[PDB]
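First chain written, first letter: the chains are A, B, C, D, E, F, G, H, I, J, K and L, and each begins at residue 1.
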Amino acid sequence: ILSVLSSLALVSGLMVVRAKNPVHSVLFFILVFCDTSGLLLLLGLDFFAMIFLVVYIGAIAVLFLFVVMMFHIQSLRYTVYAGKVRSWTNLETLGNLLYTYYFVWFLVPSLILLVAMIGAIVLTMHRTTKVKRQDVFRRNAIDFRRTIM
Amino acid sequence: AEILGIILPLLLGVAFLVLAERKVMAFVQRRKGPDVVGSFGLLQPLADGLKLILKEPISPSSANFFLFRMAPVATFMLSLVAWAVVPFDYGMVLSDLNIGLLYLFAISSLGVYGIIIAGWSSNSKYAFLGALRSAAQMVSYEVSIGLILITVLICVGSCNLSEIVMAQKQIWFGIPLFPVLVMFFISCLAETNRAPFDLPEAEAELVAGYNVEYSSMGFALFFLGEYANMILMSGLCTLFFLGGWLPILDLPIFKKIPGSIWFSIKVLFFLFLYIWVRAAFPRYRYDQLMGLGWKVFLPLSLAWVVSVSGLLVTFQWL
Amino acid sequence: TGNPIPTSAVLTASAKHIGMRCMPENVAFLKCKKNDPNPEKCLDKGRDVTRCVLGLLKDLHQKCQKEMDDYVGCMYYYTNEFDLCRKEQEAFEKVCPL
Amino acid sequence: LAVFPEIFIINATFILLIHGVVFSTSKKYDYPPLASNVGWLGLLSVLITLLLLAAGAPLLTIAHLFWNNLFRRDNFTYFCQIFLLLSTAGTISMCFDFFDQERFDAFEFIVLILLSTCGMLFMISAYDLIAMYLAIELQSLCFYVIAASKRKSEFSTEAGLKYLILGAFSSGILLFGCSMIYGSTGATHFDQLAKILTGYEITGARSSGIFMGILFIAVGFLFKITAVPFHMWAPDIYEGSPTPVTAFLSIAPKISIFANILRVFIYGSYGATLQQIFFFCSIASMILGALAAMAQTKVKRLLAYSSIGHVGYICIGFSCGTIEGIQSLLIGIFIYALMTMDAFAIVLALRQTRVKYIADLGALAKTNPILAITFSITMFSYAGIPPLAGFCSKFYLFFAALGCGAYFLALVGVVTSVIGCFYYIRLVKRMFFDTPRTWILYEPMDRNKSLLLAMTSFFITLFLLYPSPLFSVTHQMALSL
Amino acid sequence: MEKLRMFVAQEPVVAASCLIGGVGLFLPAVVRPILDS
Amino acid sequence: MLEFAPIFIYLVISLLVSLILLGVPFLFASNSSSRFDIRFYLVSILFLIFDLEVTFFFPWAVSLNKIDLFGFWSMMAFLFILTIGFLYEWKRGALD
Amino acid sequence: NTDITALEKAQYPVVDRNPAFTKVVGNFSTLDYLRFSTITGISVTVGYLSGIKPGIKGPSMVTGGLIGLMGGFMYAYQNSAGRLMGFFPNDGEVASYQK
Amino acid sequence: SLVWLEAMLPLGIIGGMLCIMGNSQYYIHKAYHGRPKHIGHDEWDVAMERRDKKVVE
Amino acid sequence: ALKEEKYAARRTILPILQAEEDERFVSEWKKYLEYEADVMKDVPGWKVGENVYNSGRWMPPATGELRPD
Amino acid sequence: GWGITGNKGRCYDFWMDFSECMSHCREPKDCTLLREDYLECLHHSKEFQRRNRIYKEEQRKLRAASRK
Amino acid sequence: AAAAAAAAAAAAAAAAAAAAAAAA
Amino acid sequence: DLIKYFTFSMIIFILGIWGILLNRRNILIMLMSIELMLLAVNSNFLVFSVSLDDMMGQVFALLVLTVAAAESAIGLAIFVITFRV
């Protein structure tokens, strides 16, 4: 029966866009991701289920939870026994491609993660380091020192 | 089902680990630990429990029961469900996932939720910022554990934990990658809090650092969780690096070679190492600690993925 | 196990012998399949491979049955996993068919 | 090989990024203002990239592995990629003065501009939906950061948030289209896509899945180029940010998107739907711009609306299927870019003036009289007055449109040019004839900004004497697709 | 070099990471082409 | 996937176990005896990025005999870009 | 698999299709070594000159020289490769007819 | 000296619990199914199990 | 080497398993065709019984997305 | 054309036919036979439309018998 | 925060008594 | 059954664009819906890769994962900066 239980994801997605209390919004966000990972499990894409878990409800909705807590808003099959003699786990059959054949679409997300690092640095350093912690800065010769107030 | 046969013995394991820690860390300090309650303090865990259970609440407060009365349940359920994929002997894993390792990584990424939620429901600014600091620590030594597992994964073929412990028949990954075991242990020390790395767990700041409504069940469940997370993260330093259930393979006449007994011996070694290293070393202050997970165990983990990938690519050892 | 019922265990147990013998039938079946994957077009070669392999099993079943009966006991116990009992694998191979 | 021109700018960005951070975080150097030192070095990094890309133009197509599975470089891409770097460098040249006046310690801001150029260089040559989306994401992501650079002032950051959401939505909408386009095609490459979509004709031949994707991909692109159907808060982005950052987003992302647009739609898709949507957008953009030029008062916003009106004239070339029309669009993009750089530079010339109305900009007849004539040339170029280069580009767009048969679309463009000309004579009247508004006295700029005006204003007027080279260059690019 | 030793003393873990990592970026760079025999 | 059903029921049986561990204390014992710390957003975004790059490590880790010396060098280029990002974060000082 | 087969290829007589590195770089004409040398100069001169303002003249000169080395070397490589391969003028066929 | 054995005893009865964690979920699964668990149980083995339970009729 | 041994065993028993599956599937296909020609009655229904090829090639008939998962 | 389990994918063979027949093909209209066969492998729509009518004719007889 | 960080570098350990070791 | 796993993703995407249209006032829900629609196209790529039996879908889904994650990082960082001090 768990097949049609994507209705849970469906209603939780309707919650996040029709909720004024942000805690409920982020909770049903996490719920949408959990049910989407359930779906991606039912399809057998095991790697993508765990990646949804990790890089969504252990990083991204962690971010969103932070933004809520602080900064409150207010029969007939014919199985072909060939190609089953060596079953390729999903990670192996993503790595056979992403790093050798389509590797530039993998070095470009490298640049996108680097731009995300540079961006989170230049944006949210918040004048807390050399961006402004260099010094207040002062020059004596130009300074009036009581000659001009 | 047979999930009872992996949760009940683990509950007993955690209850007796509180005693094993007190007793070992006491023996270190030239003093017998809990020693009057049971024959050798063996009943002391049951005494701690049966005491915490019989302690009247400070305030009933059963109204707020969906917010933080299921958050310790969540933390503990995660610490216990990461035990499915952990194999104790050949064909003794409860569920051999062909992506087992990544599933452990995801379970940690959800333990982050456990901590953050159980700290936010405590309406104490100091305790909530403490829980957030603890979550940021647990998640900053998770990129280092991630890369350490990428090393032990490069050595192995697949993420299947039964394969990672089957890929060590020739030699445990503790012998060639010993520097990595030291980094996984010093990270598992820091991923969990129980470590030289526990300023959020500085004796006082811990109790006032997880929740406001204790009722005893919350106190026990957090400690039962920390001690299961510890048995787990010590049952990983023994699958990956030490031979999960493999002997030294000398094939003795005196030793009939049981598997789960070897896994038990090794996880006992790593639990004893958790205790010993809690006794003998000062705390890291969480300001040198976060500057050790980024500036020390991430560069030394990245180097290791490039070293164990290089040295295995040049000579076709993969 | 029992009469030479080509179960999973008894097939993955004799696969070494099904490799040494019955290689022409197997390679002919594979040549057909790689030519065109319609099942009918070499139903005859399917009968041919199944005929020689059922014959190979009944040969292995008739001679050194107890060692074969122990090795397929392995392969049913540990599901077709070779390393889990090399002792039975050697016993069965050493006694009669190498 | 074959990615070396892109590799150099990415390496140059990394080398500048490491140089800026190590130097900026230096007690020995007293935490110095790297921006402007990253600049000049940043401008020559683009120039070295320009030479490498031009030098390897025959060598660009070195191997099937890069074109078939990653990105395909062709003669059209090379000519526009050369222009993209020149447009980027020209914007940096005017921007250097802004870096000097501002307390710019943002060494990373230059690295973002170079990273954007690398994303834009990859965008022009991207031949797969995955590659185009990923390249678009990088170029926009670098742009999102430049918009929010002045953190102390919320006006830049709030403008960035609207740009960010519009950018995220535009990338997201385009991504959904790729998913639907992928579902029918079974492949993400434009080349494989063209074979499945050649002559699809959603009326002649059924293609429900492909069209569902095409609708999303086309809509996303329009948000990026500030097309009026999806203009949204994009005009707001231009006025809210300071003039120099506004100039960079005004020309380089738009040129990259327009070049990407011709490659993704004309070659890959063949249905009678893509040309018409641009035809409606072109009429609307010119109508919105003509109404806006009269309606808008702030000089910076007016430029954005005049640019939006010009964008509609550019859209007509894609709207008429003729290759001559695609060539006319290219003539327009080059003239609009030169004028847009020139227009921003004249506003940048009055650096001393803080945000001020057109009437305040008036009274430049007595003081800086030559600059006053220069401002008149910039407004005339978008106006379509015949002597200026813009009219010659518009006439080619219009002559192509009449040949394409777009009489209704062509007429509104002439009518919008007529609507714009009246405001421009009124603005020219404002500069000298009337509304001096206090005889305000202006300040000098850097030589590079004066040269940007000198090399462009002379060329705009000189176009009449020797207009043959640009027309020849533009058609070659259109034919190459 | 004097500054190199000052860098492998003050910061041992980023100077023994760019050397436990060189042995990984250096083995397949030269030691693998050497293994043509 | 077939082996996911044991953990699928594990979640629910551990829910039951924790609910019993919750109800045990509840039954017994009757009547008579800082504006913002943005570094927690920098640490968080940085964990996000490094866990994305570990996500990219995983397939390259498990499939490295297939990609002989070319997948390795492509991953080392991805990792050199990671290292440039991490050195820009170390020098800029986000690791504190 | 990979192959150096090119679009619009062999417009001039090829000398060595797919030249190996350490040969295509040992083919540097006194013009390439003069292109790799002027680019490194215009990149050191700009690098030092840009750094007069922030006090970083030496190290900014060094990083401009690093950029110039990378860029001018990849340009000299482009030239000597499109010369060895059939892409550029390629008057260095005497080096093959003689050796 | 064997004084450490008193402190070894809690680690023993926490090791005697992981042995139970491992052997319980083994001999429980070895009961529901007449055979031990298969670790490397790829799709080839589920297909062969299907055809096997279909061969014994 | 163990994995190559296992895969060699599997590839060697592959023809027998595939022959059994061929016989079973062709029997199910014969019965499905005799069901089609019976539910269609052959005058009003598909005037060609099987006609599944749709070009010069055969494919296993149809299913959902991923059953073995 | 790799696939979820790889093994050359499923419709790469159909794409191979469509691409081979898209070499110097006179027009896509001329080779559309391979493209439709290729699309049919990708979505199974041709089987589905036939399945709907086989279900409908069988359902129509069953519905007619049920209504009586 | 620009607060002075506790730099864990220093001079090496050298037991420093007073001058009255031998003869006051 | 592919339609069930696609039209459900299609209407998750419609929910995302709907929340985009309505919530132009609140931005955190805007970003919620952004990642929602970047899931409904991501889960869409995965479903269409299982259906077509093609791996390009999953490669593109992984890259969209590690691009939408960086997008959420920069998005929330921009949102935190927007609520200045």
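As a convention for this text, a residue touches a chain if its C-beta (ideal position, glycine included) is under 8 Å from a C-beta of that chain, and two chains touch if they have at least 3 such contacts.
Colleague: Identify the chains adjacent to both subunit B and subunit J in the sense defined at the top.
Modeller: Touching subunit B as well as subunit J, we find A.
Colleague: Count the C-beta contact pairs for F-H and for C-H, then tell me which is higher.
Modeller: Greater number of contacting C-beta pairs: C-H.
Colleague: Among all other chains, pick the one whose mean CA position is farthest from the mean CA position of subunit D.
Modeller: Between subunit D and every other chain, the largest centroid distance is to C.
Colleague: Averaged over CA atoms, how far is the centre of subunit E from the centre of subunit J? Could you give it in whole Å?
Modeller: For subunit E versus subunit J, the centre distance works out to 57 Å.
Colleague: How many angstrom lie between the centres of subunit A and subunit E, each centre taken as the mean Cα position?
Modeller: 33
Colleague: Could you put a whole-Å number on the gap between the CA centroids of subunit C and subunit D?
Modeller: 70
Colleague: Counting only residues that touch at least two other chains, what does the list for subunit K look like?
Modeller: none
Colleague: Hey, what residues on subunit C touch two or more of the other chains?
Modeller: 6, 11-12, 33, 37, 39, 78, 80
Colleague: Could you pull out which subunit H residues touch subunit F in their complex?
Modeller: So the residues of subunit H in touch with subunit F come to 41, 46.
Colleague: Where on subunit A is subunit H touching in the complex?
Modeller: Going by the criterion above, the answer is residues 79, 81, 84-85, 87.
Colleague: Please give the residue numbers of subunit B that touch subunit F in the complex, ascending.
Modeller: 1, 3-4, 7, 11, 52-57, 62, 69, 72-73, 76-77, 80-81, 84-85, 94-98, 102-103, 105, 109, 125, 129, 132-133, 136, 139-140, 142-143, 146-147, 150, 153-154, 157-159, 215-217, 221, 224, 287, 290-291, 294-295, 298-299, 302, 305-306, 309-310, 312-313, 316, 318
Colleague: Provide the residue numbers of subunit F that touch subunit D in the complex, in ascending order.
Modeller: Those in contact with subunit D are residues 81, 84, 87-88, 91-93.
Colleague: Okay, in this complex, where on subunit C does subunit A touch?
Modeller: Residues in contact with subunit A: 33, 37, 39.
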